[PDB]
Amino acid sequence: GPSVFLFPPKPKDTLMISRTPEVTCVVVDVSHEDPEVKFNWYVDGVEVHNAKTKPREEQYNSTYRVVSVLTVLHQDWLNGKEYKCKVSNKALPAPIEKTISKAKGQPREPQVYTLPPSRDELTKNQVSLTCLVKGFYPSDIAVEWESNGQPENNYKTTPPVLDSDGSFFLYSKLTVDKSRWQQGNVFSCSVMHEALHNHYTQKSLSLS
């Protein structure tokens, strides 16, 4: 019958007390003639009823989609609490159950290293500014770039990759105009992680 997918909070939300982290439960393949869907939430077994369920949406493919959203406590996710979503639909022999938590393991502090363009790339109109972030655990992280107190949005970051020592690493690439670089402008790569003091760190990069 219908299928269920449970999603974890955005890394940035669990780290900033200003933000609101949530776990999302999505139900797909709900029948028109068996459309009644019910969600049940539990945090480490204890059921909670603060979840907010969104109005189904008839999918362009002639099926359905229902979503419930359970707002969660930063510390709870960060401390390993398990979230289970239970979906009951008449088209199921028995209700479907999905659970999720933060990866298990001792957190490892990420090390941030900024690297200037390759000489060979200076022959171009645009150059790549690199931020390598390695040795962090778990894989949940957020990387951004700024400059002159303002954000730089012309960057792409790779997904985290499992290193040989059980930690993860990734690279973020900020592309800028050679002139903006050669003009000594300063760029910073900031990182947000659980194992970072105050969940934050920065590393600057400029010419010399």
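One rule holds for the numbers: they count along the sequence shown, beginning at 1.
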{"property": "Per the entry, higher mean C-alpha B factor between 111-119 and 87-95", "result": "87-95"}
{"property": "Segment of higher mean CA temperature factor, 62-70 or 135-143", "result": "62-70"}
{"property": "Member of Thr175, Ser31, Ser164, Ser172 with the greatest C-alpha B factor (per the PDB record)", "result": "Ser31"}
{"property": "Criterion, highest CA B-factor; candidates, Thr130, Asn125, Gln75, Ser101", "result": "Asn125"}
{"property": "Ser188 - which third its CA temperature factor falls in, relative to the rest of the chain", "result": "middle"}
{"property": "Position of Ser18 among the chain's modelled residues by C-alpha B-factor, lowest, middle or highest third", "result": "highest"}
{"property": "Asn154 - Cα temperature factor, lowest/middle/highest third of chain", "result": "middle"}
